């Protein structure tokens, strides 16, 4: 017996001692070691309701990642609303590791094992756990990288598909590799390579799944309509450097003579509109040498256009900005309950 409840969670890592990587340091002092014997209990003939868009676990992970970045990626200057906070900005080692989220004594986490679960409503194959799985806290926009995959069909996640202000999260069932490099000695010029055949097959599957959700209206893809740069381009952190990569060849190279390698131009930016809170951070120029990260695109952040009620189309643009949807894309299958 149990009921929905919220409590202070704790985290669990496989952080290594002596390793200077920032996630390792943070998790070494802020998390416990992984449960070496983690036990799950299937609950026979139990249906439990979940809401991924209203889940306090999301906000707690968010607060954790804010604190991590606050202690690790210190910008040279931070213009944080009139304030000019100055400090050192040594180049650090940066590579996210999996974090587990665990309930204290008296509470438990319920986890949905429905292979079709969209994050909202009833779940029929429920199990009980003490900790989530290892979730890498990957900050990104437009594309979710290095996450899990849907176990069968592509899942569409939204708090309300008919409300165009509510973000759509696409959960892919087959990752697509994005391979990004800034070559060794424009020091801020970089680029990302993606397989065109794989990308366009995945995007065609995505449009047809979307067609299932919008009475077979024609699904159109377009790039963002205004933003700060962090939203209009695919923005991520690779080895401590902030990459901004133009993706109109992803959402506007129709191919729905193009089955080859897509190259997206990129810039490493020093001034950044932060995601942790409104304000500006200025870091230092990129490190010397080859800067490379090979990531899996495992989900997409989308926003549907409004005012197409009286049209036969629905146009979607890549989105992002609020990283709680990033954590939501992995925490969707979890919810905390107080055990009575």
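Residue numbers count along the first chain shown, from 1.
- In this entry, residue 256 is separated from residue 257 by 4 to 9 residues of the deposited sequence that have no coordinates.
- According to the entry, the deposited sequence places 4 to 9 unmodelled residues between residue 185 and residue 186.
- Taking the mean C-alpha B-factor of each stretch as recorded, 225-233 and 138-146 are not equal, and the higher mean is that of 225-233.
- Relative to one another, 298-306 and 31-39 have unequal mean CA B-factors, and 31-39 is the one with the higher figure.
- Highest CA B-factor among 243, 191, 214, 101, as stated in the entry: 214.
- As recorded in the entry, 79 carries the highest CA temperature factor of 176, 79, 180, 156.
- Residue-level temperature factors show residue 266 in the middle third of its chain, judged at the C-alpha atom.
- Residue 126: CA B factor in the highest third of modelled residues in this chain (values from the PDB entry).
- Ranked by C-alpha B-factor against the other modelled residues of its chain, residue 96 falls in the lowest third.
- Per the PDB record, residue ranking by Cα B-factor puts residue 49 in the middle third of the chain.
- Per-chain ranking of the deposited C-alpha B factor places residue 59 in the middle third.
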